[PDB]
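Source file: data29.cif (mmCIF, C-alpha atoms and all ligand atoms)
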```cif
data_query
#
loop_
_atom_site.label_atom_id
_atom_site.label_comp_id
_atom_site.auth_asym_id
_atom_site.auth_seq_id
_atom_site.Cartn_x
_atom_site.Cartn_y
_atom_site.Cartn_z
CA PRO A 9 0.00 0.00 0.00
CA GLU A 10 1.12 3.56 -0.71
CA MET A 11 2.14 5.47 2.40
CA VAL A 12 2.12 9.15 3.40
CA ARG A 13 3.72 10.60 6.56
CA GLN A 15 0.82 6.28 7.69
CA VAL A 16 -0.93 3.66 5.58
CA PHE A 17 -2.99 5.46 2.92
CA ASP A 18 -4.30 2.39 1.11
CA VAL A 19 -6.28 3.64 -1.88
CA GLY A 20 -4.64 1.86 -4.83
CA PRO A 21 -4.65 0.89 -7.53
CA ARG A 22 -7.26 3.34 -8.88
CA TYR A 23 -5.82 6.28 -6.91
CA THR A 24 -2.09 6.94 -7.23
CA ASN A 25 0.50 9.72 -6.85
CA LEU A 26 -0.60 10.99 -3.45
CA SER A 27 0.15 14.41 -1.96
CA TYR A 28 -0.58 15.56 1.58
CA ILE A 29 -3.18 18.32 1.84
CA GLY A 30 -4.53 18.65 5.37
CA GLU A 31 -6.46 16.93 8.15
CA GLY A 32 -9.90 15.52 8.76
CA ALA A 33 -11.40 14.60 12.10
CA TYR A 34 -10.17 10.98 12.16
CA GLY A 35 -7.36 11.04 9.61
CA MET A 36 -5.43 12.99 7.03
CA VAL A 37 -6.55 14.37 3.66
CA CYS A 38 -4.58 13.63 0.49
CA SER A 39 -4.80 14.53 -3.17
CA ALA A 40 -4.49 11.65 -5.62
CA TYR A 41 -4.77 10.83 -9.31
CA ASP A 42 -7.98 9.01 -10.29
CA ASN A 43 -6.81 6.65 -13.03
CA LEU A 44 -10.40 5.94 -14.10
CA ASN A 45 -11.60 9.55 -14.46
CA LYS A 46 -8.10 10.91 -15.30
CA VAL A 47 -8.38 13.81 -12.85
CA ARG A 48 -6.92 14.49 -9.43
CA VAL A 49 -9.24 14.07 -6.43
CA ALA A 50 -9.26 14.57 -2.67
CA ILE A 51 -9.30 11.58 -0.31
CA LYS A 52 -10.00 11.67 3.44
CA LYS A 53 -8.88 8.75 5.62
CA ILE A 54 -11.11 7.84 8.57
CA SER A 55 -10.26 5.47 11.45
CA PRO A 56 -13.34 5.54 13.69
CA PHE A 57 -13.95 1.96 14.76
CA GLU A 58 -12.27 2.04 18.19
CA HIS A 59 -14.62 4.70 19.59
CA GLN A 60 -18.41 4.79 19.61
CA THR A 61 -18.66 8.57 19.18
CA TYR A 62 -16.30 8.42 16.20
CA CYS A 63 -18.51 5.78 14.58
CA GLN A 64 -21.50 8.05 15.23
CA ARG A 65 -19.85 11.01 13.50
CA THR A 66 -18.67 8.93 10.54
CA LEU A 67 -21.98 7.13 9.98
CA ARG A 68 -24.20 10.20 10.17
CA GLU A 69 -21.95 12.16 7.78
CA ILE A 70 -21.91 9.31 5.26
CA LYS A 71 -25.69 8.96 5.52
CA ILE A 72 -26.24 12.69 4.97
CA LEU A 73 -23.77 13.19 2.12
CA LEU A 74 -24.97 10.14 0.18
CA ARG A 75 -28.53 11.50 0.14
CA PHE A 76 -27.60 15.14 -0.51
CA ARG A 77 -26.99 16.35 -4.06
CA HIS A 78 -26.23 20.07 -4.36
CA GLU A 79 -23.72 22.22 -6.23
CA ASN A 80 -22.60 23.95 -3.00
CA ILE A 81 -22.21 20.75 -0.94
CA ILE A 82 -19.24 18.50 -1.58
CA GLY A 83 -20.37 15.06 -2.67
CA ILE A 84 -18.95 11.60 -2.11
CA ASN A 85 -17.56 10.24 -5.39
CA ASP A 86 -16.27 6.95 -3.97
CA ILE A 87 -15.71 5.16 -0.68
CA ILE A 88 -12.75 2.79 -0.25
CA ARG A 89 -12.62 0.06 2.39
CA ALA A 90 -11.85 -3.63 2.80
CA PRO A 91 -14.32 -6.21 1.42
CA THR A 92 -15.21 -7.64 4.86
CA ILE A 93 -16.06 -6.23 8.27
CA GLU A 94 -13.24 -8.27 9.81
CA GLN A 95 -10.68 -6.74 7.46
CA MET A 96 -11.80 -3.10 7.33
CA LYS A 97 -9.86 -0.89 9.75
CA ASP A 98 -10.10 2.41 7.87
CA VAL A 99 -12.47 4.08 5.43
CA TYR A 100 -11.43 6.46 2.65
CA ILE A 101 -13.83 9.09 1.30
CA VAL A 102 -13.09 10.35 -2.23
CA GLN A 103 -14.38 13.82 -3.15
CA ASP A 104 -13.74 16.54 -5.73
CA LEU A 105 -10.32 18.16 -5.50
CA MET A 106 -10.76 21.79 -4.49
CA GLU A 107 -8.11 24.50 -4.56
CA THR A 108 -8.20 25.80 -0.98
CA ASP A 109 -10.41 26.34 2.04
CA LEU A 110 -11.71 29.70 3.22
CA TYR A 111 -9.64 29.57 6.43
CA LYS A 112 -6.38 29.35 4.48
CA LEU A 113 -7.63 31.91 1.94
CA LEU A 114 -8.46 34.49 4.62
CA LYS A 115 -5.00 34.02 6.18
CA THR A 116 -3.30 35.76 3.23
CA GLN A 117 -5.89 37.12 0.75
CA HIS A 118 -8.07 40.20 0.98
CA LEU A 119 -11.46 39.65 -0.64
CA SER A 120 -13.11 42.09 -3.00
CA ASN A 121 -16.72 42.98 -2.24
CA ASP A 122 -17.69 40.95 -5.31
CA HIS A 123 -15.96 37.89 -3.85
CA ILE A 124 -17.57 38.37 -0.44
CA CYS A 125 -20.98 38.65 -2.10
CA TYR A 126 -20.49 35.56 -4.27
CA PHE A 127 -19.07 33.49 -1.40
CA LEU A 128 -21.93 34.49 0.90
CA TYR A 129 -24.49 33.71 -1.80
CA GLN A 130 -23.09 30.20 -2.27
CA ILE A 131 -22.92 29.49 1.47
CA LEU A 132 -26.58 30.47 1.88
CA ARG A 133 -27.61 28.60 -1.28
CA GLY A 134 -26.08 25.42 0.09
CA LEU A 135 -27.52 26.13 3.53
CA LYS A 136 -31.02 26.55 2.07
CA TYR A 137 -30.78 22.99 0.76
CA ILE A 138 -29.42 21.65 4.06
CA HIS A 139 -32.14 23.32 6.12
CA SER A 140 -34.81 22.24 3.62
CA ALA A 141 -33.82 18.66 4.48
CA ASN A 142 -34.54 19.45 8.17
CA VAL A 143 -30.79 19.10 8.82
CA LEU A 144 -28.52 21.43 10.80
CA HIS A 145 -24.83 21.60 9.89
CA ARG A 146 -23.85 22.91 13.35
CA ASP A 147 -20.16 23.55 12.61
CA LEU A 148 -20.00 26.11 9.82
CA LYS A 149 -16.66 27.94 9.80
CA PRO A 150 -14.09 29.05 7.19
CA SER A 151 -12.07 25.81 7.30
CA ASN A 152 -15.20 23.81 6.36
CA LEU A 153 -15.81 25.86 3.20
CA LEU A 154 -13.87 24.75 0.13
CA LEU A 155 -13.15 26.80 -2.98
CA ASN A 156 -12.00 25.72 -6.41
CA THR A 157 -9.83 27.77 -8.77
CA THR A 158 -12.86 29.65 -10.14
CA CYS A 159 -14.16 30.45 -6.66
CA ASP A 160 -17.01 27.96 -6.65
CA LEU A 161 -17.76 27.16 -3.01
CA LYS A 162 -18.77 23.87 -1.40
CA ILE A 163 -19.69 23.08 2.21
CA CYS A 164 -17.70 20.21 3.74
CA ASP A 165 -17.67 18.23 7.02
CA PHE A 166 -21.10 17.13 8.21
CA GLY A 167 -19.40 15.59 11.24
CA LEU A 168 -21.59 17.43 13.76
CA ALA A 169 -24.79 17.63 11.72
CA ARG A 170 -28.13 16.70 13.27
CA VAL A 171 -31.81 16.63 12.39
CA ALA A 172 -33.52 19.81 13.57
CA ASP A 173 -35.42 19.42 16.86
CA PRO A 174 -36.73 22.83 17.98
CA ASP A 175 -39.20 21.41 20.51
CA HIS A 176 -36.27 19.95 22.50
CA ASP A 177 -33.80 22.82 22.15
CA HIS A 178 -34.05 24.21 25.69
CA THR A 179 -31.32 23.50 28.24
CA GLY A 180 -29.69 25.03 31.28
CA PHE A 181 -27.12 27.78 31.64
CA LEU A 182 -23.51 26.98 30.67
CA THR A 183 -24.00 23.41 29.41
CA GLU A 184 -21.19 22.02 27.30
CA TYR A 185 -21.19 22.23 23.51
CA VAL A 186 -19.17 20.49 20.81
CA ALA A 187 -19.07 22.90 17.84
CA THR A 188 -16.25 25.38 17.29
CA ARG A 189 -16.23 28.17 19.87
CA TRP A 190 -15.74 31.29 17.73
CA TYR A 191 -18.83 30.52 15.63
CA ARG A 192 -21.19 29.64 18.51
CA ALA A 193 -24.43 31.59 18.77
CA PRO A 194 -24.93 33.36 22.12
CA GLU A 195 -27.88 31.16 23.09
CA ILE A 196 -25.58 28.09 23.15
CA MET A 197 -24.02 29.47 26.34
CA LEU A 198 -27.41 30.51 27.79
CA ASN A 199 -30.23 28.06 27.07
CA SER A 200 -29.92 26.25 23.70
CA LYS A 201 -28.76 22.79 22.63
CA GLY A 202 -28.14 24.02 19.09
CA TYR A 203 -31.10 22.05 17.69
CA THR A 204 -32.66 24.83 15.59
CA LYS A 205 -31.76 26.34 12.23
CA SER A 206 -30.89 29.75 13.70
CA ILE A 207 -27.68 28.18 15.03
CA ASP A 208 -26.35 27.92 11.47
CA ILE A 209 -27.33 31.48 10.49
CA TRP A 210 -25.25 32.84 13.37
CA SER A 211 -22.20 30.94 12.14
CA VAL A 212 -22.72 32.32 8.62
CA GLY A 213 -22.90 35.81 10.09
CA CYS A 214 -19.57 35.18 11.82
CA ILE A 215 -18.12 34.00 8.50
CA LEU A 216 -19.39 37.12 6.71
CA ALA A 217 -17.78 39.39 9.31
CA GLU A 218 -14.53 37.44 8.95
CA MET A 219 -14.60 37.85 5.16
CA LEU A 220 -14.99 41.61 5.65
CA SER A 221 -11.86 42.02 7.79
CA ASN A 222 -9.84 38.74 7.55
CA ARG A 223 -10.10 38.25 11.32
CA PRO A 224 -12.63 36.41 13.50
CA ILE A 225 -15.21 38.81 14.87
CA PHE A 226 -15.72 36.97 18.21
CA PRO A 227 -12.40 35.21 19.04
CA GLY A 228 -13.34 33.95 22.48
CA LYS A 229 -10.67 32.06 24.37
CA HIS A 230 -12.90 29.86 26.57
CA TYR A 231 -16.55 28.94 27.05
CA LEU A 232 -18.04 32.02 28.71
CA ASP A 233 -15.44 34.38 27.20
CA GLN A 234 -17.17 33.71 23.87
CA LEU A 235 -20.26 35.45 25.26
CA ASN A 236 -18.11 38.35 26.50
CA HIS A 237 -16.95 38.95 22.94
CA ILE A 238 -20.46 38.76 21.45
CA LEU A 239 -21.98 41.14 24.00
CA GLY A 240 -18.97 43.46 23.64
CA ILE A 241 -20.09 44.22 20.07
CA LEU A 242 -23.86 43.67 20.11
CA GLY A 243 -24.26 45.50 23.41
CA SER A 244 -26.58 44.56 26.23
CA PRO A 245 -29.71 42.60 25.22
CA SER A 246 -32.99 44.46 25.35
CA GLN A 247 -35.57 43.80 28.04
CA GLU A 248 -37.73 42.04 25.44
CA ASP A 249 -34.88 39.74 24.42
CA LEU A 250 -34.09 39.03 28.08
CA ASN A 251 -37.74 38.19 28.77
CA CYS A 252 -37.45 35.54 26.07
CA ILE A 253 -34.87 33.84 28.26
CA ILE A 254 -37.00 32.16 30.90
CA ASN A 255 -34.13 30.25 32.54
CA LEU A 256 -33.30 32.18 35.69
CA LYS A 257 -29.60 31.32 35.86
CA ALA A 258 -29.06 32.49 32.27
CA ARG A 259 -31.20 35.62 32.63
CA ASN A 260 -29.68 36.66 35.95
CA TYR A 261 -26.18 36.27 34.53
CA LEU A 262 -27.05 38.76 31.79
CA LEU A 263 -28.73 41.05 34.32
CA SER A 264 -25.55 41.04 36.44
CA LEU A 265 -23.43 42.56 33.66
CA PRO A 266 -22.79 46.30 33.36
CA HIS A 267 -24.53 47.99 30.46
CA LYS A 268 -22.61 47.64 27.18
CA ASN A 269 -23.22 49.85 24.16
CA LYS A 270 -23.60 48.42 20.68
CA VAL A 271 -20.58 48.96 18.43
CA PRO A 272 -21.85 50.17 15.02
CA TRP A 273 -21.04 47.75 12.22
CA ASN A 274 -19.75 50.55 9.98
CA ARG A 275 -17.29 51.52 12.71
CA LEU A 276 -16.00 47.93 12.85
CA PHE A 277 -16.04 47.58 9.04
CA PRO A 278 -15.59 51.08 7.55
CA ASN A 279 -14.79 49.67 4.08
CA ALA A 280 -17.78 47.32 3.93
CA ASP A 281 -20.73 47.66 1.58
CA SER A 282 -23.65 49.12 3.53
CA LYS A 283 -26.00 46.40 2.26
CA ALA A 284 -23.61 43.71 3.50
CA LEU A 285 -23.59 45.28 6.96
CA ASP A 286 -27.39 45.38 6.99
CA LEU A 287 -27.50 41.65 6.27
CA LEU A 288 -24.70 41.05 8.79
CA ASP A 289 -26.77 42.77 11.49
CA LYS A 290 -29.76 40.54 10.74
CA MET A 291 -27.66 37.37 10.86
CA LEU A 292 -25.89 38.39 14.09
CA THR A 293 -29.12 39.13 15.94
CA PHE A 294 -28.98 38.17 19.62
CA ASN A 295 -32.52 36.77 19.81
CA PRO A 296 -32.62 33.54 17.73
CA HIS A 297 -36.35 33.94 17.03
CA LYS A 298 -35.69 37.39 15.49
CA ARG A 299 -32.63 36.20 13.56
CA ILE A 300 -33.02 36.15 9.78
CA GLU A 301 -33.69 32.77 8.16
CA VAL A 302 -31.80 31.37 5.20
CA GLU A 303 -34.46 32.09 2.57
CA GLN A 304 -34.87 35.67 3.79
CA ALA A 305 -31.10 36.13 3.69
CA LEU A 306 -30.99 34.97 0.06
CA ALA A 307 -33.64 37.59 -0.79
CA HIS A 308 -31.70 40.38 0.94
CA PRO A 309 -30.74 43.35 -1.30
CA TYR A 310 -27.02 42.63 -0.80
CA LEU A 311 -27.47 39.42 -2.82
CA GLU A 312 -29.72 40.89 -5.54
CA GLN A 313 -27.40 40.10 -8.45
CA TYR A 314 -27.50 36.37 -7.65
CA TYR A 315 -30.90 35.80 -6.02
CA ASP A 316 -33.10 33.41 -8.00
CA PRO A 317 -35.32 31.06 -5.95
CA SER A 318 -35.93 28.81 -8.96
CA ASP A 319 -32.16 28.19 -9.09
CA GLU A 320 -31.84 27.63 -5.32
CA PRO A 321 -33.05 24.04 -5.02
CA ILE A 322 -34.35 22.23 -1.96
CA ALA A 323 -34.09 18.62 -0.84
CA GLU A 324 -36.45 16.07 -2.37
CA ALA A 325 -36.35 13.79 0.70
CA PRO A 326 -35.78 15.51 4.06
CA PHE A 327 -34.42 13.51 6.98
CA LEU A 336 -25.54 1.76 19.91
CA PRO A 337 -22.37 -0.26 20.47
CA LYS A 338 -19.51 0.55 18.13
CA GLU A 339 -19.73 -2.98 16.72
CA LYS A 340 -23.27 -2.37 15.48
CA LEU A 341 -22.07 1.00 14.15
CA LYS A 342 -19.13 -0.53 12.27
CA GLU A 343 -21.65 -2.93 10.72
CA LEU A 344 -23.86 0.01 9.75
CA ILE A 345 -20.89 1.89 8.27
CA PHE A 346 -19.97 -1.27 6.36
CA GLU A 347 -23.52 -1.53 5.01
CA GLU A 348 -23.76 2.19 4.21
CA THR A 349 -20.60 2.03 2.07
CA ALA A 350 -21.46 -1.19 0.21
CA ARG A 351 -22.71 0.60 -2.92
CA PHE A 352 -19.14 1.55 -3.86
CA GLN A 353 -17.81 -2.03 -3.85
CA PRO A 354 -17.12 -3.87 -7.16
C1 LIG A 401 -13.73 18.15 4.38
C2 LIG A 401 -12.64 17.22 3.85
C3 LIG A 401 -12.44 17.17 2.35
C4 LIG A 401 -11.81 15.86 1.90
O1 LIG A 401 -11.51 18.26 2.03
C5 LIG A 401 -11.23 18.52 0.75
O2 LIG A 401 -11.79 17.99 -0.18
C6 LIG A 401 -10.16 19.54 0.57
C7 LIG A 401 -9.84 19.88 -0.76
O3 LIG A 401 -10.49 19.30 -1.80
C8 LIG A 401 -8.87 20.82 -1.04
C9 LIG A 401 -8.19 21.43 0.00
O4 LIG A 401 -7.23 22.36 -0.28
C10 LIG A 401 -8.49 21.11 1.32
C11 LIG A 401 -9.46 20.17 1.61
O5 LIG A 401 -9.76 19.86 2.90
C12 LIG A 401 -9.07 20.56 3.95
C13 LIG A 401 -9.61 20.11 5.28
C14 LIG A 401 -10.82 20.94 5.78
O6 LIG A 401 -10.35 22.22 6.24
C15 LIG A 401 -11.53 20.22 6.92
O7 LIG A 401 -10.62 19.83 7.92
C16 LIG A 401 -12.25 19.02 6.32
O8 LIG A 401 -12.01 17.89 6.71
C17 LIG A 401 -13.21 19.31 5.20
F1 LIG A 401 -14.29 20.04 5.72
#
```
Same coordinates, now as structure tokens:
Amino acid sequence: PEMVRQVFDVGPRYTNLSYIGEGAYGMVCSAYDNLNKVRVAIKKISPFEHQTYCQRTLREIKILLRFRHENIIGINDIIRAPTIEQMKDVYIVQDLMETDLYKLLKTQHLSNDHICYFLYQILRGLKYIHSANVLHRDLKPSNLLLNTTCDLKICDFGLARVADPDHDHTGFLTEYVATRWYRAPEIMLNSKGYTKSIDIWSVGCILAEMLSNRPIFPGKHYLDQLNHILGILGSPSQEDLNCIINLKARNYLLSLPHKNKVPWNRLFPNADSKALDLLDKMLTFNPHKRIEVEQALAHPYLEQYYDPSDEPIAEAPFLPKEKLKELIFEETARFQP
């Protein structure tokens, strides 16, 4: 088997490997597809020792095999051993992109036209995801891939879940898995992240980061994340506080000194005014007042791209590790000769 840094056993169809980056449970390589005569991306996954890893791998495979959308990366092939006894790793083959938005923002300033086009494609993909009753729950620059002509695709459904708004309520300061800087304020107050507004907040954070090439809320631990959010949004209104019935969460907010809102055009003096208007509506403190994906697509900032007939929706909306390995084996059987 061909080896990189680690067994990367994808031959003989896929040859001439090059290291790219990292997935959750293994590395990502580029390779030559000898059948299709094009280079592809391959992610190695080794989840079978841990139950939670098998959960993350199975649910992502299930979601991506049903999804078909121009702004969501698809699974072209899945490589694994012919038997459950022999399969230790799984390889996911996907289109080879040029970069991810995290790396791009490290060194490239975006024109307003690029910001607009990137945001349009994120929301177009997100409309499809949400139309399937699915939440991505970990949107961030490193999970957005771009090709050489700036077509954008959403990657990593590792933390995705079916929406469950009737069971979203939780206590104050309960732990959360998704990446800190892109967490909506209600995660730290009273939300399990089971509603679609959790994704819109992350997109708002991504928009702000495209405007300035730096994360807008770079919190350095759990409750510090809320410090950063309130430091820019200012203190929540009485009405928004009244929507927080949990006493521990509400009294925490009531204990804070008053904070003024920082105007978006002071933070982003170069930004298009329409982009800042949409940014404000995505980074709304109250999740029930936060703009939804279809409203965001219809916002004037995105007028040159908006076309609901060309923004498709899903046709079909949505355990011991040994049973999960068996389910992963079964879910990947369609790609076997
Ligand atoms: C999803 C992982 C897929 C395999 O990533 C890619 O396809 C991919 C690509 O085609 C080109 C480049 O330059 C990077 C890349 O993935 C980078 C890894 C990414 O930031 C996350 O860690 C992922 O795993 C990704 F969402």
From A:261, A:273, A:346, A:76, residue lying nearest residue 181 in chain A [only C-alpha atoms]: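 Residue with the minimum atom-to-atom distance to residue 181 in chain A: A:261.
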Let me see if you get this right: every residue at most 8 Å from ligand LIG 401 (chain A), counting all atoms listed in the file, written as number ranges by chain. A: 29-33, 37-39, 49-52, 82, 101-109, 111, 150-156, 163-166
Shell around residue 86 in chain A at 12 Å using only C-alpha atoms, local window under 3 positions removed, as number ranges by chain: A: 19, 22-23, 42, 44-45, 49-52, 70, 73-74, 83, 89, 99-104, 349-354
Straight-line distance linking CA of residue 40 in chain A with CA of residue 69 in chain A, stated in Å to one decimal: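 A separation of 22.0 Å between them.
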Applying 12 Å and all atoms listed in the file, which residues near residue 314 in chain A remain after dropping the ones on its own chain fewer than 6 positions away? List them as a list in words.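 Near residue 314 in chain A, the qualifying residues are residues 122, 125, 126, 127, 128, 129, 130, 132, 133, 305, 306, 307, 308 and 320 of chain A.
Atom pair CA of residue 215 in chain A / CA of residue 55 in chain A: separated by 29.7 Å.
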Counting all atoms listed in the file, write as number ranges by chain all protein and nucleic acid residues lying at most 10 Å from (-24.1, 47.8, 18.0) in the file's frame. A: 239-244, 268-276, 289
Counting all atoms listed in the file, figure out which residue out of A:237, A:172, A:304, A:277 gets nearest to residue 290 in chain A.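 Selected residue with least distance to residue 290 in chain A: A:304.
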With all atoms listed in the file as the atoms that count, which of A:288, A:168, A:114, A:90 lies nearest to residue 148 in chain A?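 Once distances to residue 148 in chain A are computed over all atoms listed in the file, the minimum belongs to A:168.
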Have a look at A:96, A:63, A:254, A:72 and name the one nearest to residue 170 in chain A; count all atoms listed in the file.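 Using all atoms listed in the file, the shortest distance to residue 170 in chain A belongs to A:72.
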Counting all atoms listed in the file, figure out which residue out of A:183, A:260, A:64, A:140 gets nearest to residue 205 in chain A.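 Closest to residue 205 in chain A of all the choices is A:140.
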Counting all atoms listed in the file, which residue out of A:283, A:115, A:78, A:13 sits closest to residue 323 in chain A?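 That would be A:78, the residue with the smallest distance to residue 323 in chain A.
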Any idea what the distance is between CA of residue 342 in chain A and CA of residue 93 in chain A? 7.6 Å
Excluding residue 250 in chain A and any residue of its chain fewer than 4 positions from it, enumerate the residues within 9 Å of it, using all atoms listed in the file, and give them as number ranges by chain. A: 245-246, 254, 259, 262-263, 295
Give me the residues near residue 139 in chain A as a PyMOL selection string, where near means some atom within 12 Å (using only C-alpha atoms) and where sequence neighbours in that chain fewer than 6 positions away do not count. chain A and resi 76+132-133+145-146+169-173+203-209+301-303+321-327
Quick one: everything within 8 Å of residue 232 in chain A, counting all atoms listed in the file, minus sequence neighbours fewer than 3 positions away in the same chain. Send it as a ChimeraX atom specification. /A:182,197,235-236
Is it possible to get the axis-aligned box enclosing range 312-322 of chain A (all listed atoms, 8 Å extra per side) as AutoDock Vina command-line options, with centre and edge lengths in Å rounded to one decimal?
```
--center_x -31.7 --center_y 31.6 --center_z -5.5 --size_x 24.5 --size_y 34.7 --size_z 23.1
```
Because some atoms of range 61-79 of chain A are absent here, can you restore N, CA, C and O atoms and send them as a CSV table (one decimal), in the coordinates of the input?
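Saved result, out.csv, follows:
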```csv
chain,number,residue,atom,x,y,z
A,61,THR,N,-18.3,7.2,19.7
A,61,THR,CA,-18.7,8.6,19.2
A,61,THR,C,-18.1,8.8,17.8
A,61,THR,O,-18.7,9.6,17.0
A,62,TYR,N,-16.9,8.3,17.5
A,62,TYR,CA,-16.3,8.4,16.2
A,62,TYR,C,-17.1,7.7,15.2
A,62,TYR,O,-17.3,8.2,14.0
A,63,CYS,N,-17.6,6.5,15.5
A,63,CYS,CA,-18.5,5.8,14.6
A,63,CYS,C,-19.8,6.5,14.3
A,63,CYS,O,-20.4,6.5,13.2
A,64,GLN,N,-20.3,7.2,15.4
A,64,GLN,CA,-21.5,8.0,15.2
A,64,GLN,C,-21.2,9.1,14.2
A,64,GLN,O,-22.0,9.3,13.3
A,65,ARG,N,-20.1,9.9,14.4
A,65,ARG,CA,-19.8,11.0,13.5
A,65,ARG,C,-19.6,10.6,12.1
A,65,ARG,O,-20.1,11.2,11.1
A,66,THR,N,-19.0,9.4,11.9
A,66,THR,CA,-18.7,8.9,10.5
A,66,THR,C,-19.9,8.4,9.9
A,66,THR,O,-20.2,8.8,8.7
A,67,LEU,N,-20.8,7.7,10.6
A,67,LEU,CA,-22.0,7.1,10.0
A,67,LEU,C,-23.0,8.2,9.6
A,67,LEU,O,-23.5,8.2,8.5
A,68,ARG,N,-23.2,9.2,10.5
A,68,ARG,CA,-24.2,10.2,10.2
A,68,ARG,C,-23.7,11.1,9.0
A,68,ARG,O,-24.6,11.5,8.2
A,69,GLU,N,-22.4,11.4,8.9
A,69,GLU,CA,-22.0,12.2,7.8
A,69,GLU,C,-22.1,11.4,6.5
A,69,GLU,O,-22.6,12.0,5.5
A,70,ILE,N,-21.8,10.1,6.5
A,70,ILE,CA,-21.9,9.3,5.3
A,70,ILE,C,-23.4,9.2,4.9
A,70,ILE,O,-23.7,9.4,3.7
A,71,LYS,N,-24.3,9.0,5.8
A,71,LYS,CA,-25.7,9.0,5.5
A,71,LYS,C,-26.2,10.3,4.9
A,71,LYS,O,-26.9,10.2,3.9
A,72,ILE,N,-25.8,11.4,5.5
A,72,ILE,CA,-26.2,12.7,5.0
A,72,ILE,C,-25.7,13.0,3.6
A,72,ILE,O,-26.5,13.3,2.6
A,73,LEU,N,-24.4,12.8,3.4
A,73,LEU,CA,-23.8,13.2,2.1
A,73,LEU,C,-24.2,12.3,1.0
A,73,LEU,O,-24.2,12.7,-0.2
A,74,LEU,N,-24.5,11.0,1.3
A,74,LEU,CA,-25.0,10.1,0.2
A,74,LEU,C,-26.4,10.5,-0.3
A,74,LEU,O,-26.7,10.2,-1.4
A,75,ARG,N,-27.2,11.1,0.6
A,75,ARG,CA,-28.5,11.5,0.1
A,75,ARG,C,-28.5,12.9,-0.5
A,75,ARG,O,-29.3,13.2,-1.4
A,76,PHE,N,-27.7,13.8,0.0
A,76,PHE,CA,-27.6,15.1,-0.5
A,76,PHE,C,-27.0,15.2,-1.9
A,76,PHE,O,-26.1,14.4,-2.2
A,77,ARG,N,-27.6,16.0,-2.8
A,77,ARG,CA,-27.0,16.4,-4.1
A,77,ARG,C,-27.2,17.8,-4.3
A,77,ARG,O,-28.3,18.3,-4.6
A,78,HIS,N,-26.1,18.6,-4.2
A,78,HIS,CA,-26.2,20.1,-4.4
A,78,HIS,C,-24.9,20.6,-4.8
A,78,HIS,O,-23.8,20.2,-4.3
A,79,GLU,N,-24.9,21.6,-5.7
A,79,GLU,CA,-23.7,22.2,-6.2
A,79,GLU,C,-22.8,22.8,-5.2
A,79,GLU,O,-21.6,22.9,-5.4
```
